[PDB]
Amino acid sequence: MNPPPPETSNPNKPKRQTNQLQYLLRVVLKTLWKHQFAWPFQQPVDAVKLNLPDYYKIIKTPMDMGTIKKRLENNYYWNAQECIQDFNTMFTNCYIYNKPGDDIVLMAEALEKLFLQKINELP
Ligand SMILES: Cc1ccc(N(C)C(=O)c2ccc3c(c2)N(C2CC2)[C@H](C)C(=O)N3C)cc1
């Protein structure tokens, strides 16, 4: 079974649209989104489709770029650090569940290097 996806809307939450959060959506996420290796990370891991019933027994804080994109489009975050933390959870989950040298890890490593290049300087 797949768990419910992470929440992307929360009215009880203080929201903000800072210059950096706009940049994280308009330039950072949407550059990463078009990368040739982005597709595994554009939605939650479908453990049912992959027949990996073990994935959510190991990864207890799932995150993906589809969730992040929705959060940004809902002004879910208070600051850019919260959004950057979600990206880093996504990469770290991949490094936890898989092993160095695995194909999915090469993909995440390529995406993470681009991510770090783009957030090195924020508005
Ligand atoms: C090289 C590769 C890439 C994509 C897939 N396909 C079809 C996925 O749907 C998929 C999406 C996301 C992940 C994964 C598969 N893998 C599994 C491959 C170990 C683990 C759970 C993971 O960490 N992520 C992020 C299969 C192989």
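Residues numbered from 1 in each chain as written, not as in the entry; some residues may be left out. Heavy atoms only, no water. Residues with missing side-chain atoms left out of burial classes, pairs and counts.

Structure determination for the deposited model, as stated in its record, used X-ray crystallography, and the stated resolution is 1.503 Å.

How do you make sense of the pattern of salt bridges when you look at a structure like this?
A complete count under the given rule lists two salt bridges for this structure. In this structure, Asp-86 and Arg-71 form a salt bridge, with 2.8 Å as the shortest nitrogen-oxygen distance. Within this pair, whereas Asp-86 is found in helix α5 (residues 80-97), its partner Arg-71 is found in helix α4 (residues 65-73), the two being separated by 15 residues in sequence. Summarising the burial analysis for this pair, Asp-86 and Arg-71 share the class buried. (Salt bridge = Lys/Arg side-chain N within 4 Å of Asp/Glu carboxyl O. Helix = DSSP H or I, 4+ residues; strand = E, 2+ residues; numbered from the N terminus. Buried < 20%, exposed > 50% of the residue type's maximum accessible area, 1.4 Å probe, protein only.)

Mind showing me how you'd approach the site of the ligand here?
In the region of the ligand, the neighbouring residues are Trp-39, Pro-40, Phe-41, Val-45, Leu-50, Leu-52, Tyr-55, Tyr-97, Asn-98, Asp-103 and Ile-104. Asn-98 has a polar side-chain atom sitting 2.9 Å from an oxygen atom of the ligand. Considered on its own, the ligand offers 550 Å² of accessible surface; in the complex 71% of this is hidden by protein. Classifying every residue of the shell around the ligand gives nine nonpolar, one polar and one charged. (Near = heavy atom within 4 Å. Polar contact = N/O pair within 3.5 Å; in protein donor to acceptor, adjacent residues only side chain to side chain. Areas by Shrake-Rupley, 256 points an atom, 1.4 Å probe, with all protein chains shown as cover. Nonpolar A, V, L, I, M, F, W, Y, C, P; charged D, E, K, R; others polar.)

I tried to follow the nonpolar core on my own but got confused; where do I start?
Within soluble globular proteins, side chains that are nonpolar generally end up buried alongside one another. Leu-24, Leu-72 and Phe-87 are the most contacted members of the largest nonpolar core, which totals 29 residues. Listed by contribution, the elements that provide at least two residues to this core are α1 (19-33), α4, α5 and α6 (103-119). Setting aside its immediate chain neighbours within four residues, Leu-24 contacts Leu-29, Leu-72, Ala-80, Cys-83, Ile-84 and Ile-119. In this structure, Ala-47, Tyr-56, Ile-59 and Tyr-97 belong to the second largest nonpolar core, which totals five residues. (Core = buried A, V, L, I, M, F, W, Y, C linked by side-chain atoms within 4.5 Å. Contact = heavy atoms within 4.5 Å.)

For this particular structure, what's the right way to read the side chain of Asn-98?
By the secondary structure assignment, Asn-98 is in the loop between α5 and α6. Residue class for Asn-98 comes out buried when judged on its relative accessible area of 16%. Engagement of the side chain of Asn-98 in a polar contact is seen with the backbone oxygen of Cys-94, the distance being 2.9 Å. Those residues within four positions of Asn-98 in sequence are excluded, and the remaining contacts are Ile-104 and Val-105.

Any chance you could explain the side chain of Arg-71 here in plain terms?
Overall, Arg-71 belongs to the buried group, its relative accessible area being 8%. At 2.8 Å, the side chain of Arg-71 forms a polar contact with the side chain of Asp-86. Once residues within four sequence positions are removed from consideration, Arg-71 is found in contact with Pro-6, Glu-7, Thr-8, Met-63, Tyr-76, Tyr-77 and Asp-86.

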